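**Student:**
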Amino acid sequence: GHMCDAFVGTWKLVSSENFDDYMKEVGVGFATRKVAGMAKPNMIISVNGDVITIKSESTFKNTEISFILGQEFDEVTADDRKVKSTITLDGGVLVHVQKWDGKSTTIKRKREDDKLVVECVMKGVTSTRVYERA
Ligand SMILES: O=C(O)C(F)(F)C(F)(F)C(F)(F)C(F)(F)C(F)(F)C(F)(F)C(F)(F)C(F)(F)C(F)(F)F
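In terms of the entry's author numbering, the sequence shown opens at residue -2 and continues consecutively.
1. Could you check what DSSP says for residue 22 in three-state terms: helix, strand or coil?
2. Just how far apart, CA to CA, sit residue 96 and residue 60?
3. Taking residue 136 as the reference, give the member of 18, 68 and 62 with the closest Cα.
4. Excluding the five sequence neighbours on either side, which residues of its own chain have a C-beta within less than 6 Å of the C-beta of residue 118, listed in chain order?
5. Could you tell me which residues DSSP puts in a beta bridge with residue 27?
6. Looking at the structure shown, is residue 32 part of a helix, part of a strand, or coil, going by DSSP?
7. Report the three-state DSSP secondary structure of residue 57 (helix, strand or coil).
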């Protein structure tokens, strides 16, 4: 249960690039996009045996996903998509693919320097969000 040791802890947002464009490509509505952009999320990543939990906390929406690496699971995203999600550990990076409605998006959670970087890709649009330890 050590696969994820470099990710565990609490994290807070430093910077965001192209996040609104990413949500646009995903199909998120205007009001939800504006709420999401205003959020200052606190992210908690924790491990309990084989089960990893990623929690995002913000004033107006929390999400929590718990999963086993490599095991597909049902996720209801913050924008209310019902997706089939699989997260694997590849080259020290958590690679999260969401599949729904004939579409897919990939969320990579990686370490760079002392930061946790979240890279989200939808049809060639990439958002990069940088977190520092809380
Ligand atoms: O900052 C992070 O923790 C993050 F980068 F990991 C993340 F949270 F942004 C994400 F990757 F999970 C995400 F982009 F997919 C997302 F969950 F936010 C979303 F953009 F897909 C979303 F649309 F669901 C929304 F922004 F939360 C919504 F618009 F619904 F509020």
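Each residue gets a CB set at the ideal place from its N, CA and C atoms; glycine is no exception.
**Tutor:** In short:
1. Position 25 of the sequence shown holds residue 22. Helix, per DSSP.
2. In the sequence shown, the residue the question calls residue 96 occupies position 99. In the sequence shown, the residue the question calls residue 60 occupies position 63. Their Cα atoms are separated by approximately 18 Å.
3. Residue 136 is absent from the model: the chain starts at -2 and stops at 131.
4. Here residue 118 is taken as the residue at index 121 of the sequence shown, counted from 1. Within the same chain, residue 118 has close Cβ partners 103.
5. Counted from its first residue, the sequence shown places residue 27 at position 30. Note: residue 27 sits in no beta bridge, so no partner.
6. Here the question's residue 32 lines up with position 35 in the sequence shown. Note: residue 32 maps to helix in three-state DSSP.
7. Counting from one through the sequence shown, the residue named residue 57 turns up at place 60. Reduced to three states, the DSSP call for residue 57 is coil.
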